[PDB]
Each structure stands twice: as structure tokens, then as C-alpha cells.
């Protein structure tokens, strides 16, 4: 909705093409959009994500050409890829570490948003769509991990299908359905393959709309101050054309990232992963050190904080006539922890967009971050003391932040003065 200048055909081929299918025009308007000059490094994550999506899909399709979705072969199938396919070893590792990179990115992408009010109107739709993506990603990432059919793979599946068994009433039905049987078996594996393939495209599709949406409202900047929409004149003062200005730093950053990424995939590919998955899956034995994928740890932490001995759990249990016991509470706690984050556009009552100008906010925000880290850290620890407690306070603070703090700070906080214009800040 900003004052820019549209596409005009030059070459004959162009005029010919444009009168029939303005596909070049579109690409233009997409790559030419005026973008705030002040954008910092926290805006590169979107692209880093993009890249990950493609990386994952191509390496995926490739791997799919050598993988065999079926218990008896599946694992062998993968070692085969490692030992035989040309550059198989490097492809496997790339796809896997690709996932980590993929998440490391979204968390940065997400937190960036929380801190700068990028979810705050009018950017609501963007945020919601983004959440959908987030969900999809995880769903995907889970099935993927299952494929290799190793220890962490089997059990992990056993447990995640379990979460659905937690729903009251329908729950057992829903679970048997997912499993295609009484236990996690081939039937499960097979259907996960079909879905692990499918989802990424669905993601891709959403990502489109994600872009379409933030393209319809203009991008947000570190100051939370919009771009002046009154004259091409002043607008240019607040922005610069996307191409080549950003297109380049994106590529620039993209490089630096990949540098480190490859460093890992080259030198320490197995760092971010669980050694137990190099153990063929065993239906009669759960590894004593079973731990989820780091990018799941926090939500895992939360789920297990709530044991049958937790006061709230108990209260809950009693008041609900037993219907909501620990198990199901834990499940609710988890999906809930996510759900609240989705409602953040509505729990944050402050009308000040950028968090750079909210002195109190800044404090709880960083606690949130610290928490997320802590949360992750603990999911990796045992259920014994003091962890059980730590996890509890941690989970506690989480909801605290979305359900209480933000709503309050909205009325209570004394906000600082946001610059009058992006220009103003830029020049600074």
C-alpha cells in the first residue's frame, strides 16, 4: 500500500509476454517492493528459512530415490545410502542437519517477531499463517525422524502417536487410526513416508501466502514505525528498493550461514543428533537414554513437568472429576504452550509496536528467551530434583508471560518515545 512505480515492458518479447501473461510483472512487484532502510540482521532469518525449505526438499526428493519405507529394509536402506549412493553420506547428513538449521532459524525468526511487535496488527494474518507453518514443520520433522527406523525413531513414534491416545473418549480410536494397528509397525512407517513427502509442499504453499501477506502490509522495522504512505517522495526517504539492496545482504548473510552450516555437516554431522538412532529399532526395549530432538526439548520439558503430584494438576484432576489427569494435562500443557503463542496478537494489549520502546516489556521478554533456553536445557536432564522444579517454574513463567504479563503491561507500562520516522532513525 506504499507509493512505488510499477512494471513497464521494454523488449519486444516482454511486451508480447506482458499482454498475455504478466508473470514478469508479478516477479517485479515482488522483488522491487520498497523496504525500510533500518532493517537489521534479525531480518535475514526469513530467507535462511526459505533456503532450508528448498534444501530440505531437493535433498529429500533425492534421498527418497534410495530409501525403502518398510521395516525390514528401511534402516539398511539408509546405511545403503550412506555407504553406496554417490555422495549419499553427504546428502543424508545434509537433510538431517538441514532440519536443525531449519529450526534454529524459526526460533530466531519467531523471537525476533515477539520482540518487535511483528505480530501486532495489522500483521495478524502473517503471524497466524506463520504459526501454521510452525506446526506443519514439526509434524513433518517428526515423521522424517521416524523413517530411518532406529531406536529413537520407533519409540519416538510410539510416544507421539501416544499423545493422541491422551484425548478423552475418542483418543484410543484416533490413535489406532494413526498407527494403522495395535502397535507402531510397518503400516505406520509406510503412511508416515507418504506424509513426510506430502507436508513439505503444503508448507511451501503456506510460505507463499505468508509472503503474500507481509507483502500486503509492508514489512515491519526495528522502530515499529510505519513507512510514510503520502508521497513517493518521502516514502523513498524511509525506504530503498528491495532489489538489489536487500537481495544482496540476504545472499551475503546466506553465505555466512552456509559457511557455518557446512562446517558442521562437514566436520561434526553427528553432533546435533542421538547416538541411539544408529541402533536398529527394537520393539521390546526402550533405550535408557531416550531423549527427543533438541528442537523439541522445550515443549517436551513442559509436558513432563506435570506429574500426578503437581498441585495444579491435582486441583485440576479433582475439579474435572478425574477426566483431566496428569497425562492429558501434560498434553494440554504442551499444545497449549504453543497455542498461547499463537494468540499473542490478542494477549498483548500495549499499542506500542516495537518492543525497543517498552522498558518493562524488555525485562520479561528476555526472561522468556532465557526460559526457552532453560526449558530446552532441562528436557535433556532427568526427572529428579532439582530439575522437576526448574522445569515447573520454567513452564510456569512461560504461560505467565503470555496469559498475564503482556495483558497487564499493556495498561501499566510507561512507553518511551518512538522516532517520528524511519528516516530519522536511519540517519542516526
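Residue numbers count along the first chain shown, from 1.
Of the two segments, 135-143 and 353-361, the one listed with the higher mean B-factor is 353-361 (C-alpha atoms only). Look at the mean CA B-factor for 290-298 and for 239-247 in the entry; the higher one is 239-247. Reading the B-factor column for the CA atoms of 395, 56, 68, 382 in the entry, the top value corresponds to 382.
Ranking 47, 32, 62, 375 by the C-alpha B-factor listed in the PDB entry places 32 at the top. In this PDB entry, residue 212 carries a Cα temperature factor that places it within the middle third of its chain's modelled residues. Among the modelled residues of its chain, residue 277 has a C-alpha B-factor that falls in the middle third according to the deposited record. Among all modelled residues in this chain, the alpha-carbon of residue 159 has a temperature factor (C-alpha) in the lowest third.
Among all modelled residues in its chain, residue 113 ranks in the middle third by Cα B-factor.
Residue-level temperature factors show residue 168 in the middle third of its chain, judged at the C-alpha atom.
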